């Protein structure tokens, strides 16, 4: 499955000033069943990262800070970290801003 992944809200700083990310995924996960978004978090944080982990994912889960959107749709109703990724989906990782 080839998808486009985006960052914003002072997150992309982690990924070397890059917001737009296109990488094709394996259709099947490690245990042979279809890619979930538990996968994308693991793949991204381990390989796509360009910085020290604390700021994106901690204790085997995303930091409460960030929101995830699938085709600009709430991640929680559509699968909530166990979502069979689609062949051209868009996933957005935005760190909620609490300064002003």
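Positions refer to the first chain, counted from 1.
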Mind giving me a quick count class for deposited residues absent from the model between residue 32 and residue 33? Options are none, 1 to 3, 4 to 9, 10 or more.
none
Lowest, middle or highest third: where is residue 68 by Cα B-factor in its chain?
lowest
Compare the C-alpha B factor of residue 56 with those of the other modelled residues in its chain, then answer lowest, middle or highest third.
middle
How does the C-alpha B factor of residue 16 compare with the rest of the chain: lowest, middle or highest third?
highest
Residue 10: which third of its chain by C-alpha temperature factor?
middle
Ranked against its chain, the third holding the CA B-factor of residue 85
lowest
